[PDB]
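Derivation of every value follows stated rules applied to the coordinates shown; laboratory data play no part. Neighbour counts run over all protein chains shown; Cβ positions are idealised from the backbone, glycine included.
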Amino acid sequence: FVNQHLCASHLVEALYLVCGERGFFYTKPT
Amino acid sequence: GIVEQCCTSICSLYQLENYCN
């Protein structure tokens with residue numbers, strides 16, 4: 001796991017990996 | 001939001017944990 005900036009879908013994947021069961025919210029509002 | 005902050009800053013899994021609070 002690179003410790004850099006995460007702008008792409010890679011950020012949502014990484015949050016999902018560390019949270020395990022989607023205990024987070026937010027997506028681009030459009 | 002998380003997306004905007006991690007676009008402009010480094011977000012290791014240690015930091016990402018804070019959004020799972």
request  = Please identify the pairs in which a residue from chain B that is in contact (Cβ under 8 Å) with a residue 12 or more places away in the chain has its Cβ atom under 6 Å from the Cβ atom of a residue that is of a type in the set (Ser, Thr, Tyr) and surrounded by 12 or more Cβ atoms within 10 Å (Cβ to Cβ), counting only partners at least 6 apart or on another chain.
outcome  = B:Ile2/A:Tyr26; B:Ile2/B:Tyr19
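Could you check how many residues of the range A:1-11 are more than 8 Å from chain B (Cβ to nearest Cβ) and either of a type in the set (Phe, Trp, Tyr) or under 11 Å from the mean Cα position of the chain (by Cα) (or both)?
Filtering the range A:1-11 down to residues more than 8 Å from chain B (Cβ to nearest Cβ) leaves A:2, A:8-10.
Among the residues that remain, those that are also either of a type in the set (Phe, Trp, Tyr) or under 11 Å from the mean Cα position of the chain (by Cα) (or both) are: A:8-10.
The qualifying residues number 3.
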key: Scan of chain B for residues that are over 20 Å from A:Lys28 (Cβ atoms) and acidic (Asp, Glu), ordered by number   = B:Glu17
task = Considering only chain B, state which residues are exposed (fewer than 14 other Cβ atoms within 10 Å of the Cβ) and part of a loop (DSSP other than H, G, I, E, B).
result = B:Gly1, B:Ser9, B:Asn21
